file data38.txt (compact mmCIF, N, CA and C atoms and all ligand atoms)
# COMPACT_ATOMS: atom_id res chain seq x y z
N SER L 1 152.85 119.53 80.83
CA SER L 1 153.72 120.68 80.99
C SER L 1 153.90 121.47 79.69
N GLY L 2 154.36 122.73 79.79
CA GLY L 2 154.63 123.56 78.63
C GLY L 2 154.44 125.05 78.90
N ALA L 3 155.08 125.88 78.09
CA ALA L 3 154.99 127.32 78.27
C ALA L 3 155.07 128.02 76.92
N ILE L 4 154.58 129.29 76.89
CA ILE L 4 154.74 130.18 75.75
C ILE L 4 155.85 131.16 76.11
N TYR L 5 156.82 131.36 75.22
CA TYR L 5 157.91 132.32 75.45
C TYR L 5 157.81 133.43 74.43
N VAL L 6 157.35 134.62 74.83
CA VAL L 6 157.14 135.76 73.94
C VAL L 6 157.81 136.98 74.54
N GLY L 7 158.74 137.58 73.80
CA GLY L 7 159.48 138.74 74.29
C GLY L 7 160.22 138.40 75.57
N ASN L 8 160.02 139.21 76.62
CA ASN L 8 160.63 138.90 77.91
C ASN L 8 159.61 138.31 78.87
N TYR L 9 158.67 137.50 78.35
CA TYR L 9 157.63 136.90 79.17
C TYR L 9 157.57 135.38 78.96
N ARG L 10 157.14 134.66 79.99
CA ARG L 10 156.91 133.22 79.99
C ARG L 10 155.46 133.04 80.47
N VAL L 11 154.59 132.42 79.65
CA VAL L 11 153.19 132.19 80.01
C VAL L 11 153.04 130.72 80.34
N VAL L 12 152.53 130.41 81.54
CA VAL L 12 152.34 129.01 81.95
C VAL L 12 150.95 128.85 82.59
N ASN L 13 150.53 127.57 82.80
CA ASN L 13 149.31 127.33 83.59
C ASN L 13 149.63 127.77 85.01
N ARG L 14 148.71 128.54 85.62
CA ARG L 14 148.97 129.05 86.98
C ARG L 14 149.22 127.87 87.97
N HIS L 15 148.47 126.74 87.78
CA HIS L 15 148.59 125.60 88.71
C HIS L 15 149.91 124.86 88.58
N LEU L 16 150.67 125.11 87.48
CA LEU L 16 151.97 124.48 87.24
C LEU L 16 153.15 125.47 87.41
N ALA L 17 152.88 126.73 87.82
CA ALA L 17 153.96 127.72 87.96
C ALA L 17 154.95 127.27 89.03
N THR L 18 156.21 127.53 88.78
CA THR L 18 157.31 127.15 89.69
C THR L 18 157.58 128.24 90.73
N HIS L 19 158.49 127.96 91.71
CA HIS L 19 158.90 129.00 92.66
C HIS L 19 159.52 130.20 91.90
N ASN L 20 160.30 129.90 90.83
CA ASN L 20 160.94 130.94 90.04
C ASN L 20 159.91 131.80 89.29
N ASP L 21 158.83 131.19 88.77
CA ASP L 21 157.77 131.97 88.12
C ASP L 21 157.16 132.97 89.11
N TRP L 22 156.86 132.50 90.35
CA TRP L 22 156.26 133.37 91.34
C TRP L 22 157.22 134.47 91.82
N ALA L 23 158.53 134.18 91.85
CA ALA L 23 159.53 135.18 92.25
C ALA L 23 159.72 136.28 91.17
N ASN L 24 159.36 135.97 89.91
CA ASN L 24 159.47 136.93 88.82
C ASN L 24 158.06 137.22 88.24
N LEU L 25 157.05 137.26 89.10
CA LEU L 25 155.65 137.45 88.67
C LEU L 25 155.36 138.78 87.98
N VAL L 26 154.67 138.71 86.82
CA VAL L 26 154.20 139.91 86.11
C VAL L 26 152.68 140.05 86.32
N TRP L 27 151.95 138.93 86.13
CA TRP L 27 150.49 138.92 86.23
C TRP L 27 150.01 137.50 86.43
N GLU L 28 148.95 137.33 87.22
CA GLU L 28 148.33 136.00 87.34
C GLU L 28 146.82 136.14 87.51
N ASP L 29 146.06 135.12 87.09
CA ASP L 29 144.61 135.17 87.23
C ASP L 29 144.13 133.74 87.49
N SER L 30 143.71 133.45 88.73
CA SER L 30 143.22 132.12 89.11
C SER L 30 141.99 131.74 88.29
N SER L 31 141.11 132.72 87.98
CA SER L 31 139.89 132.39 87.20
C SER L 31 140.22 131.96 85.78
N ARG L 32 141.41 132.30 85.27
CA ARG L 32 141.80 131.90 83.89
C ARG L 32 142.82 130.74 83.89
N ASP L 33 143.34 130.34 85.07
CA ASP L 33 144.44 129.36 85.20
C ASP L 33 145.69 129.83 84.44
N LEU L 34 145.98 131.16 84.46
CA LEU L 34 147.19 131.67 83.78
C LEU L 34 148.11 132.41 84.72
N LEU L 35 149.40 132.33 84.45
CA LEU L 35 150.42 133.10 85.15
C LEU L 35 151.48 133.48 84.14
N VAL L 36 151.95 134.74 84.20
CA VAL L 36 153.01 135.26 83.32
C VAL L 36 154.17 135.74 84.21
N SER L 37 155.37 135.29 83.88
CA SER L 37 156.57 135.69 84.62
C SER L 37 157.55 136.36 83.66
N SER L 38 158.52 137.12 84.21
CA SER L 38 159.53 137.77 83.36
C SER L 38 160.74 136.88 83.10
N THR L 39 161.39 137.04 81.94
CA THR L 39 162.57 136.24 81.57
C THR L 39 163.73 137.19 81.21
N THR L 40 164.95 136.68 81.25
CA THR L 40 166.12 137.46 80.84
C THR L 40 166.41 137.25 79.34
N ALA L 41 166.08 136.07 78.80
CA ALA L 41 166.32 135.77 77.39
C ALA L 41 165.09 136.12 76.54
N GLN L 42 165.30 136.46 75.27
CA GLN L 42 164.19 136.79 74.36
C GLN L 42 163.50 135.51 73.91
N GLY L 43 162.16 135.50 73.97
CA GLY L 43 161.34 134.36 73.60
C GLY L 43 161.19 134.10 72.13
N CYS L 44 160.94 132.77 71.82
CA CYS L 44 160.82 132.04 70.55
C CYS L 44 159.42 132.11 69.87
N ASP L 45 158.35 132.47 70.58
CA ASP L 45 156.95 132.47 70.07
C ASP L 45 156.35 133.85 69.63
N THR L 46 155.24 133.86 68.75
CA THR L 46 154.36 134.93 68.18
C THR L 46 152.91 134.67 68.65
N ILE L 47 152.18 135.69 69.14
CA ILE L 47 150.80 135.49 69.60
C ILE L 47 149.83 135.84 68.49
N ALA L 48 148.84 134.98 68.23
CA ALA L 48 147.79 135.24 67.25
C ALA L 48 146.90 136.39 67.75
N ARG L 49 146.48 137.27 66.82
CA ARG L 49 145.55 138.36 67.17
C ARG L 49 144.43 138.21 66.13
N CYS L 50 143.44 137.37 66.46
CA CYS L 50 142.45 136.93 65.48
C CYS L 50 141.23 136.31 66.19
N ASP L 51 140.24 135.88 65.38
CA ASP L 51 139.06 135.19 65.88
C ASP L 51 138.96 133.77 65.32
N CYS L 52 140.11 133.12 64.97
CA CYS L 52 140.07 131.73 64.49
C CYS L 52 139.39 130.81 65.50
N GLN L 53 138.67 129.83 65.01
CA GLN L 53 138.03 128.78 65.81
C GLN L 53 138.46 127.38 65.36
N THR L 54 139.53 127.30 64.52
CA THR L 54 140.18 126.03 64.18
C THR L 54 141.69 126.24 64.35
N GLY L 55 142.36 125.15 64.64
CA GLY L 55 143.81 125.18 64.82
C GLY L 55 144.35 123.79 65.11
N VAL L 56 145.59 123.73 65.60
CA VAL L 56 146.26 122.46 65.88
C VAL L 56 146.86 122.59 67.29
N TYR L 57 146.70 121.52 68.12
CA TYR L 57 147.35 121.54 69.44
C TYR L 57 148.30 120.36 69.62
N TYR L 58 149.27 120.52 70.52
CA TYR L 58 150.20 119.44 70.83
C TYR L 58 149.66 118.70 72.04
N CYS L 59 149.58 117.35 71.92
CA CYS L 59 149.08 116.45 72.97
C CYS L 59 150.26 115.55 73.43
N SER L 60 150.84 115.90 74.58
CA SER L 60 151.98 115.17 75.08
C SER L 60 151.68 113.71 75.40
N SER L 61 150.43 113.40 75.83
CA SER L 61 150.06 112.01 76.16
C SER L 61 149.89 111.10 74.94
N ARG L 62 150.05 111.66 73.73
CA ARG L 62 150.07 110.91 72.48
C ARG L 62 151.33 111.22 71.65
N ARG L 63 152.21 112.16 72.12
CA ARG L 63 153.36 112.64 71.35
C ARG L 63 152.94 113.05 69.94
N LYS L 64 151.78 113.74 69.83
CA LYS L 64 151.23 114.05 68.48
C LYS L 64 150.50 115.37 68.48
N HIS L 65 150.37 115.98 67.32
CA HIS L 65 149.57 117.18 67.15
C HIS L 65 148.22 116.77 66.55
N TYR L 66 147.13 117.43 66.98
CA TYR L 66 145.80 117.13 66.46
C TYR L 66 145.10 118.40 65.99
N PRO L 67 144.39 118.35 64.86
CA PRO L 67 143.56 119.51 64.44
C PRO L 67 142.26 119.56 65.30
N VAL L 68 141.74 120.77 65.57
CA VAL L 68 140.55 120.91 66.41
C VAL L 68 139.70 122.08 65.96
N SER L 69 138.38 121.96 66.18
CA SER L 69 137.45 123.09 66.08
C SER L 69 137.13 123.44 67.55
N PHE L 70 137.23 124.70 67.96
CA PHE L 70 137.01 125.05 69.38
C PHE L 70 136.03 126.19 69.56
N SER L 71 135.34 126.22 70.73
CA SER L 71 134.40 127.30 70.99
C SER L 71 135.12 128.63 71.32
N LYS L 72 134.38 129.77 71.19
CA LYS L 72 134.96 131.08 71.51
C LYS L 72 135.25 131.16 73.01
N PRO L 73 136.20 132.00 73.43
CA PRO L 73 136.51 132.10 74.87
C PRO L 73 135.27 132.43 75.70
N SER L 74 135.03 131.62 76.72
CA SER L 74 133.82 131.81 77.52
C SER L 74 133.99 131.35 78.96
N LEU L 75 132.94 131.59 79.79
CA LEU L 75 132.93 131.21 81.20
C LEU L 75 132.34 129.81 81.29
N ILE L 76 133.14 128.84 81.75
CA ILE L 76 132.74 127.43 81.76
C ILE L 76 132.96 126.84 83.12
N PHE L 77 131.97 126.09 83.65
CA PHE L 77 132.12 125.47 84.96
C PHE L 77 133.16 124.36 84.91
N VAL L 78 134.10 124.37 85.88
CA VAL L 78 135.15 123.37 86.00
C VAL L 78 135.04 122.74 87.39
N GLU L 79 134.98 121.41 87.44
CA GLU L 79 134.83 120.68 88.70
C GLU L 79 136.06 120.84 89.57
N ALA L 80 135.89 120.70 90.90
CA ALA L 80 136.97 120.82 91.87
C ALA L 80 138.10 119.84 91.55
N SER L 81 139.34 120.27 91.76
CA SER L 81 140.52 119.43 91.57
C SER L 81 141.40 119.65 92.82
N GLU L 82 142.62 119.09 92.84
CA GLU L 82 143.55 119.36 93.94
C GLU L 82 144.04 120.82 93.92
N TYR L 83 143.98 121.47 92.75
CA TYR L 83 144.50 122.81 92.57
C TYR L 83 143.48 123.93 92.76
N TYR L 84 142.19 123.66 92.53
CA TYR L 84 141.18 124.72 92.65
C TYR L 84 139.89 124.18 93.19
N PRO L 85 139.12 125.04 93.89
CA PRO L 85 137.76 124.63 94.25
C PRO L 85 136.91 124.60 92.97
N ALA L 86 135.69 124.04 93.07
CA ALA L 86 134.73 124.04 91.97
C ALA L 86 134.43 125.53 91.62
N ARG L 87 134.52 125.90 90.33
CA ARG L 87 134.39 127.32 89.96
C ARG L 87 134.11 127.51 88.47
N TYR L 88 133.83 128.75 88.05
CA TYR L 88 133.73 129.05 86.62
C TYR L 88 135.11 129.52 86.18
N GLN L 89 135.66 128.91 85.13
CA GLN L 89 136.95 129.34 84.57
C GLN L 89 136.62 130.22 83.37
N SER L 90 137.16 131.43 83.33
CA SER L 90 136.90 132.36 82.26
C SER L 90 137.93 132.23 81.11
N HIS L 91 137.58 132.78 79.92
CA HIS L 91 138.43 132.82 78.73
C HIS L 91 138.85 131.38 78.33
N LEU L 92 137.93 130.41 78.51
CA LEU L 92 138.21 129.00 78.21
C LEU L 92 137.52 128.59 76.91
N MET L 93 138.24 127.82 76.06
CA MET L 93 137.70 127.34 74.78
C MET L 93 137.69 125.84 74.78
N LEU L 94 136.56 125.20 74.46
CA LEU L 94 136.50 123.73 74.46
C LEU L 94 136.54 123.15 73.04
N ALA L 95 137.06 121.93 72.94
CA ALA L 95 137.06 121.22 71.66
C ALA L 95 137.01 119.73 71.95
N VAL L 96 136.60 118.96 70.95
CA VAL L 96 136.63 117.50 71.06
C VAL L 96 138.05 117.07 70.68
N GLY L 97 138.68 116.33 71.58
CA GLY L 97 140.05 115.88 71.42
C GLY L 97 140.53 115.19 72.68
N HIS L 98 141.60 114.43 72.55
CA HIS L 98 142.17 113.71 73.67
C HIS L 98 143.00 114.62 74.57
N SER L 99 142.81 114.48 75.87
CA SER L 99 143.65 115.15 76.84
C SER L 99 143.63 114.40 78.17
N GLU L 100 144.76 114.43 78.86
CA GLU L 100 145.03 113.94 80.21
C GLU L 100 145.63 115.09 81.05
N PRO L 101 145.52 115.05 82.39
CA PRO L 101 146.02 116.19 83.21
C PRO L 101 147.42 116.74 82.87
N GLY L 102 148.39 115.85 82.65
CA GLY L 102 149.75 116.21 82.27
C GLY L 102 149.87 116.88 80.91
N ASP L 103 148.78 116.88 80.10
CA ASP L 103 148.81 117.58 78.80
C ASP L 103 148.70 119.10 78.96
N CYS L 104 148.42 119.60 80.18
CA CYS L 104 148.33 121.05 80.41
C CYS L 104 149.63 121.73 79.99
N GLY L 105 149.52 122.85 79.30
CA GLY L 105 150.71 123.56 78.84
C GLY L 105 150.95 123.35 77.35
N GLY L 106 150.34 122.32 76.74
CA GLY L 106 150.48 122.10 75.29
C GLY L 106 149.92 123.30 74.53
N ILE L 107 150.65 123.74 73.48
CA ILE L 107 150.20 124.93 72.75
C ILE L 107 149.16 124.60 71.69
N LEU L 108 148.18 125.52 71.55
CA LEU L 108 147.19 125.51 70.46
C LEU L 108 147.62 126.68 69.54
N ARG L 109 147.79 126.39 68.21
CA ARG L 109 148.19 127.41 67.25
C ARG L 109 147.22 127.43 66.08
N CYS L 110 147.05 128.61 65.50
CA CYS L 110 146.33 128.72 64.23
C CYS L 110 147.37 129.29 63.20
N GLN L 111 146.93 129.63 61.97
CA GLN L 111 147.87 130.17 60.97
C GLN L 111 148.49 131.53 61.39
N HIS L 112 147.96 132.19 62.43
CA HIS L 112 148.46 133.53 62.85
C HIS L 112 149.41 133.51 64.03
N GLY L 113 149.53 132.34 64.69
CA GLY L 113 150.40 132.24 65.84
C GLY L 113 149.77 131.45 66.98
N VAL L 114 150.30 131.68 68.17
CA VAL L 114 149.82 131.00 69.37
C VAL L 114 148.45 131.54 69.81
N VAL L 115 147.51 130.62 70.02
CA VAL L 115 146.16 130.97 70.47
C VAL L 115 146.02 130.80 72.00
N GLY L 116 146.59 129.70 72.53
CA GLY L 116 146.42 129.43 73.96
C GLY L 116 147.10 128.15 74.39
N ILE L 117 146.85 127.72 75.64
CA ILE L 117 147.51 126.49 76.14
C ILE L 117 146.46 125.55 76.73
N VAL L 118 146.71 124.22 76.71
CA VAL L 118 145.76 123.27 77.33
C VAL L 118 145.65 123.58 78.83
N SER L 119 144.43 123.58 79.34
CA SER L 119 144.18 123.90 80.76
C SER L 119 143.19 122.92 81.41
N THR L 120 142.26 122.34 80.62
CA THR L 120 141.26 121.40 81.20
C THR L 120 141.06 120.23 80.20
N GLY L 121 140.28 119.23 80.59
CA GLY L 121 139.96 118.14 79.69
C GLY L 121 139.02 117.17 80.36
N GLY L 122 138.44 116.34 79.55
CA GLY L 122 137.45 115.38 80.03
C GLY L 122 137.41 114.21 79.10
N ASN L 123 136.34 113.46 79.18
CA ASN L 123 136.03 112.32 78.35
C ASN L 123 135.86 112.75 76.89
N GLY L 124 136.98 112.79 76.17
CA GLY L 124 136.99 113.17 74.78
C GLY L 124 136.90 114.67 74.58
N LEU L 125 137.15 115.46 75.63
CA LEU L 125 137.19 116.92 75.51
C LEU L 125 138.58 117.46 75.85
N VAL L 126 138.91 118.64 75.34
CA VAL L 126 140.16 119.32 75.71
C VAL L 126 139.81 120.83 75.79
N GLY L 127 140.26 121.50 76.87
CA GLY L 127 139.97 122.92 77.06
C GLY L 127 141.23 123.74 77.05
N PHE L 128 141.19 124.90 76.37
CA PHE L 128 142.37 125.75 76.20
C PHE L 128 142.13 127.13 76.83
N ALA L 129 143.11 127.61 77.57
CA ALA L 129 143.08 128.95 78.12
C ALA L 129 143.52 129.88 76.99
N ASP L 130 142.65 130.84 76.60
CA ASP L 130 142.99 131.79 75.54
C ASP L 130 144.02 132.81 76.00
N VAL L 131 144.91 133.24 75.09
CA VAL L 131 145.86 134.32 75.41
C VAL L 131 145.77 135.49 74.40
N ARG L 132 144.90 135.39 73.38
CA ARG L 132 144.83 136.37 72.30
C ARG L 132 144.41 137.75 72.70
N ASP L 133 143.70 137.85 73.85
CA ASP L 133 143.28 139.18 74.32
C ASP L 133 144.38 139.91 75.12
N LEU L 134 145.47 139.23 75.47
CA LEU L 134 146.55 139.84 76.30
C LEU L 134 147.49 140.63 75.41
N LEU L 135 147.04 141.82 75.00
CA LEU L 135 147.81 142.59 74.01
C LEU L 135 149.18 143.01 74.49
N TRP L 136 149.31 143.23 75.82
CA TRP L 136 150.56 143.65 76.43
C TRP L 136 151.69 142.62 76.30
N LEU L 137 151.38 141.36 75.91
CA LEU L 137 152.45 140.35 75.77
C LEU L 137 153.43 140.73 74.65
N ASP L 138 152.96 141.53 73.64
CA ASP L 138 153.69 141.98 72.46
C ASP L 138 154.52 143.23 72.66
N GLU L 139 154.47 143.85 73.84
CA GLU L 139 155.21 145.08 74.10
C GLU L 139 155.99 144.96 75.41
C1 LIG X 201 140.98 114.16 81.65
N1 LIG X 201 141.38 115.34 82.40
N2 LIG X 201 140.97 115.50 83.70
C2 LIG X 201 141.48 116.64 84.10
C3 LIG X 201 142.24 117.27 83.08
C4 LIG X 201 142.98 118.44 82.92
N3 LIG X 201 142.88 119.38 83.95
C5 LIG X 201 143.23 119.11 85.23
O1 LIG X 201 143.89 118.11 85.53
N4 LIG X 201 142.90 120.05 86.15
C6 LIG X 201 143.72 120.12 87.36
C7 LIG X 201 144.52 121.40 87.34
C8 LIG X 201 143.59 122.60 87.19
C9 LIG X 201 142.73 122.49 85.92
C10 LIG X 201 141.86 123.73 85.80
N5 LIG X 201 142.10 124.51 84.76
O2 LIG X 201 141.04 124.02 86.68
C11 LIG X 201 141.97 121.17 85.95
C12 LIG X 201 143.66 118.68 81.72
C13 LIG X 201 143.53 117.79 80.66
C14 LIG X 201 142.76 116.64 80.78
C15 LIG X 201 142.14 116.38 81.99
ZN ZN X 202 144.17 132.82 63.76
call {"tool": "encode", "arguments": {"input": "data38.txt", "output": "structure tokens", "more": "lines below"}}
Ligand SMILES: Cn1ncc2c(NC(=O)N3CCC[C@H](C(N)=O)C3)cccc21
Ligand SMILES: [Zn+2]
result
Amino acid sequence: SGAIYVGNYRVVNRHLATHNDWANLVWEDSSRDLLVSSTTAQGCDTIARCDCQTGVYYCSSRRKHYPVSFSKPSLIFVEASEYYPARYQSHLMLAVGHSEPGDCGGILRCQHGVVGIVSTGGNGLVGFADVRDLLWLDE
């Protein structure tokens, strides 16, 4: 679990969005596993606007932060789960690191701010949904 709180927006994994997120929907994209909802309170986070390929993410299944090198946002095949059919997930960045399904929502940050959230993982892999291209989150 986890979310990004920026301005009057809450960014979460689309597959983990609540009834309240859907009732206050701003934007969602199944191909990216992202959903953004509106909030009444001002958010605590800053979004990175950069091309960093290293950073640190929070891994809830270890209660620890890990440094990672990750690939640029791209279209990557993701196997079928309970939440989605087998498909290509866009704007996804992969890195070698520990992840379990419940780690989704953990933030990946670089020196400039929030880069994205955990969305996929495998045998020693962790995948992050990028948010750096969503310029409207800052206005
Ligand atoms: C080891 N392992 N295995 C699945 C998984 C995971 N993702 C999942 O459980 N997924 C289910 C929810 C939708 C996700 C998607 N973006 O399509 C995939 C996150 C982190 C480590 C993971
Ligand atoms: Zn950066």
call {"tool": "residues_around", "arguments": {"input": "data38.txt", "residues": "segment 71-86 of chain L", "least_positions_apart": "4", "cutoff": "7 Å", "atoms": "all atoms listed in the file", "output": "VMD selection string"}}
result
chain L and resid 15 53 90 to 95 130
call {"tool": "residues_near_ligand", "arguments": {"input": "data38.txt", "ligand": "ligand ZN 202 (chain X)", "cutoff": "7 Å", "atoms": "only N, CA and C atoms and all ligand atoms", "output": "JSON, numbers by chain"}}
result
{"L": [48, 49, 50, 51, 52, 53, 109, 110, 111, 112, 113]}
call {"tool": "residues_near_ligand", "arguments": {"input": "data38.txt", "ligand": "ligand LIG 201 (chain X)", "cutoff": "5 Å", "atoms": "only N, CA and C atoms and all ligand atoms", "output": "mmCIF file with N, CA and C atoms, in the frame of the given file"}}
result
data_model
loop_
_atom_site.group_PDB
_atom_site.id
_atom_site.type_symbol
_atom_site.label_atom_id
_atom_site.label_comp_id
_atom_site.auth_asym_id
_atom_site.auth_seq_id
_atom_site.Cartn_x
_atom_site.Cartn_y
_atom_site.Cartn_z
ATOM 1 N N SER L 99 142.810 114.480 75.870
ATOM 2 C CA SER L 99 143.650 115.150 76.840
ATOM 3 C C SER L 99 143.630 114.400 78.170
ATOM 4 N N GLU L 100 144.760 114.430 78.860
ATOM 5 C CA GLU L 100 145.030 113.940 80.210
ATOM 6 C C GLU L 100 145.630 115.090 81.050
ATOM 7 N N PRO L 101 145.520 115.050 82.390
ATOM 8 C CA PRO L 101 146.020 116.190 83.210
ATOM 9 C C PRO L 101 147.420 116.740 82.870
ATOM 10 N N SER L 119 144.430 123.580 79.340
ATOM 11 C CA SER L 119 144.180 123.900 80.760
ATOM 12 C C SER L 119 143.190 122.920 81.410
ATOM 13 N N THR L 120 142.260 122.340 80.620
ATOM 14 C CA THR L 120 141.260 121.400 81.200
ATOM 15 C C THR L 120 141.060 120.230 80.200
ATOM 16 N N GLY L 121 140.280 119.230 80.590
ATOM 17 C CA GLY L 121 139.960 118.140 79.690
ATOM 18 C C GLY L 121 139.020 117.170 80.360
ATOM 19 N N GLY L 122 138.440 116.340 79.550
ATOM 20 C CA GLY L 122 137.450 115.380 80.030
ATOM 21 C C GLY L 122 137.410 114.210 79.100
#
call {"tool": "select_by_dssp", "arguments": {"input": "data38.txt", "residues": "segment 9-131 of chain L", "states": "strand (DSSP E or B)", "output": "number ranges by chain"}}
result
L: 9-13, 25-29, 34-38, 47, 54-59, 64-70, 74-78, 87-96, 107-110, 113-122, 125-130
call {"tool": "atom_distance", "arguments": {"input": "data38.txt", "atom1": "atom C of residue 42 of chain L", "atom2": "atom C of residue 117 of chain L"}}
result
19.9 Å
call {"tool": "closest_residue", "arguments": {"input": "data38.txt", "among": "L:108, L:118, L:131, L:125", "to": "residue 36 of chain L", "atoms": "only C-alpha atoms"}}
result
L:131
call {"tool": "closest_residue", "arguments": {"input": "data38.txt", "among": "L:46, L:54, L:13, L:69", "to": "residue 135 of chain L", "atoms": "only C-alpha atoms"}}
result
L:46
call {"tool": "residues_around", "arguments": {"input": "data38.txt", "residues": "residue 124 of chain L", "least_positions_apart": "2", "cutoff": "5 Å", "atoms": "only N, CA and C atoms", "output": "JSON, numbers by chain"}}
result
{"L": [96, 97, 122, 126]}
call {"tool": "axis_aligned_box", "arguments": {"input": "data38.txt", "around": "segment 21-35 of chain L", "padding_each_side": "6 Å", "output": "AutoDock Vina command-line options"}}
result
--center_x 149.8 --center_y 134.7 --center_z 88.0 --size_x 31.8 --size_y 22.7 --size_z 20.5
call {"tool": "closest_residue", "arguments": {"input": "data38.txt", "among": "L:8, L:24, L:18, L:61", "to": "residue 43 of chain L", "atoms": "only C-alpha atoms"}}
result
L:8
call {"tool": "build_atoms", "arguments": {"input": "data38.txt", "residues": "segment 94-111 of chain L", "atoms": "N, CA, C and O atoms", "output": "PDB file, in the coordinates of the input"}}
result
ATOM      1  N   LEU L  94     136.560 125.200  74.460  1.00  0.00           N
ATOM      2  CA  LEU L  94     136.500 123.730  74.460  1.00  0.00           C
ATOM      3  C   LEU L  94     136.540 123.150  73.040  1.00  0.00           C
ATOM      4  O   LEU L  94     135.987 123.758  72.109  1.00  0.00           O
ATOM      5  N   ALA L  95     137.060 121.930  72.940  1.00  0.00           N
ATOM      6  CA  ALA L  95     137.060 121.220  71.660  1.00  0.00           C
ATOM      7  C   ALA L  95     137.010 119.730  71.950  1.00  0.00           C
ATOM      8  O   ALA L  95     137.288 119.288  73.064  1.00  0.00           O
ATOM      9  N   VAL L  96     136.600 118.960  70.950  1.00  0.00           N
ATOM     10  CA  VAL L  96     136.630 117.500  71.060  1.00  0.00           C
ATOM     11  C   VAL L  96     138.050 117.070  70.680  1.00  0.00           C
ATOM     12  O   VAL L  96     138.570 117.416  69.616  1.00  0.00           O
ATOM     13  N   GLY L  97     138.680 116.330  71.580  1.00  0.00           N
ATOM     14  CA  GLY L  97     140.050 115.880  71.420  1.00  0.00           C
ATOM     15  C   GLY L  97     140.530 115.190  72.680  1.00  0.00           C
ATOM     16  O   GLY L  97     139.910 115.296  73.751  1.00  0.00           O
ATOM     17  N   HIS L  98     141.600 114.430  72.550  1.00  0.00           N
ATOM     18  CA  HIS L  98     142.170 113.710  73.670  1.00  0.00           C
ATOM     19  C   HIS L  98     143.000 114.620  74.570  1.00  0.00           C
ATOM     20  O   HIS L  98     143.856 115.369  74.095  1.00  0.00           O
ATOM     21  N   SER L  99     142.810 114.480  75.870  1.00  0.00           N
ATOM     22  CA  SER L  99     143.650 115.150  76.840  1.00  0.00           C
ATOM     23  C   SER L  99     143.630 114.400  78.170  1.00  0.00           C
ATOM     24  O   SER L  99     142.633 113.738  78.483  1.00  0.00           O
ATOM     25  N   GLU L 100     144.760 114.430  78.860  1.00  0.00           N
ATOM     26  CA  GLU L 100     145.030 113.940  80.210  1.00  0.00           C
ATOM     27  C   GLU L 100     145.630 115.090  81.050  1.00  0.00           C
ATOM     28  O   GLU L 100     146.086 116.096  80.502  1.00  0.00           O
ATOM     29  N   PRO L 101     145.520 115.050  82.390  1.00  0.00           N
ATOM     30  CA  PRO L 101     146.020 116.190  83.210  1.00  0.00           C
ATOM     31  C   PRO L 101     147.420 116.740  82.870  1.00  0.00           C
ATOM     32  O   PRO L 101     147.604 117.956  82.746  1.00  0.00           O
ATOM     33  N   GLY L 102     148.390 115.850  82.650  1.00  0.00           N
ATOM     34  CA  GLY L 102     149.750 116.210  82.270  1.00  0.00           C
ATOM     35  C   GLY L 102     149.870 116.880  80.910  1.00  0.00           C
ATOM     36  O   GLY L 102     150.948 117.353  80.530  1.00  0.00           O
ATOM     37  N   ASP L 103     148.780 116.880  80.100  1.00  0.00           N
ATOM     38  CA  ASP L 103     148.810 117.580  78.800  1.00  0.00           C
ATOM     39  C   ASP L 103     148.700 119.100  78.960  1.00  0.00           C
ATOM     40  O   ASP L 103     148.953 119.821  77.996  1.00  0.00           O
ATOM     41  N   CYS L 104     148.420 119.600  80.180  1.00  0.00           N
ATOM     42  CA  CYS L 104     148.330 121.050  80.410  1.00  0.00           C
ATOM     43  C   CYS L 104     149.630 121.730  79.990  1.00  0.00           C
ATOM     44  O   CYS L 104     150.690 121.197  80.287  1.00  0.00           O
ATOM     45  N   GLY L 105     149.520 122.850  79.300  1.00  0.00           N
ATOM     46  CA  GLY L 105     150.710 123.560  78.840  1.00  0.00           C
ATOM     47  C   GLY L 105     150.950 123.350  77.350  1.00  0.00           C
ATOM     48  O   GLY L 105     151.723 124.089  76.740  1.00  0.00           O
ATOM     49  N   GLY L 106     150.340 122.320  76.740  1.00  0.00           N
ATOM     50  CA  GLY L 106     150.480 122.100  75.290  1.00  0.00           C
ATOM     51  C   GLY L 106     149.920 123.300  74.530  1.00  0.00           C
ATOM     52  O   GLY L 106     148.852 123.802  74.857  1.00  0.00           O
ATOM     53  N   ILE L 107     150.650 123.740  73.480  1.00  0.00           N
ATOM     54  CA  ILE L 107     150.200 124.930  72.750  1.00  0.00           C
ATOM     55  C   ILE L 107     149.160 124.600  71.690  1.00  0.00           C
ATOM     56  O   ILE L 107     149.308 123.629  70.927  1.00  0.00           O
ATOM     57  N   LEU L 108     148.180 125.520  71.550  1.00  0.00           N
ATOM     58  CA  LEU L 108     147.190 125.510  70.460  1.00  0.00           C
ATOM     59  C   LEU L 108     147.620 126.680  69.540  1.00  0.00           C
ATOM     60  O   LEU L 108     147.854 127.792  70.037  1.00  0.00           O
ATOM     61  N   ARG L 109     147.790 126.390  68.210  1.00  0.00           N
ATOM     62  CA  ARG L 109     148.190 127.410  67.250  1.00  0.00           C
ATOM     63  C   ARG L 109     147.220 127.430  66.080  1.00  0.00           C
ATOM     64  O   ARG L 109     146.688 126.395  65.676  1.00  0.00           O
ATOM     65  N   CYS L 110     147.050 128.610  65.500  1.00  0.00           N
ATOM     66  CA  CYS L 110     146.330 128.720  64.230  1.00  0.00           C
ATOM     67  C   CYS L 110     147.370 129.290  63.200  1.00  0.00           C
ATOM     68  O   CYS L 110     148.557 129.463  63.531  1.00  0.00           O
ATOM     69  N   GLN L 111     146.930 129.630  61.970  1.00  0.00           N
ATOM     70  CA  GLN L 111     147.870 130.170  60.970  1.00  0.00           C
ATOM     71  C   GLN L 111     148.490 131.530  61.390  1.00  0.00           C
ATOM     72  O   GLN L 111     149.477 131.965  60.780  1.00  0.00           O
TER      73      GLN L 111
END
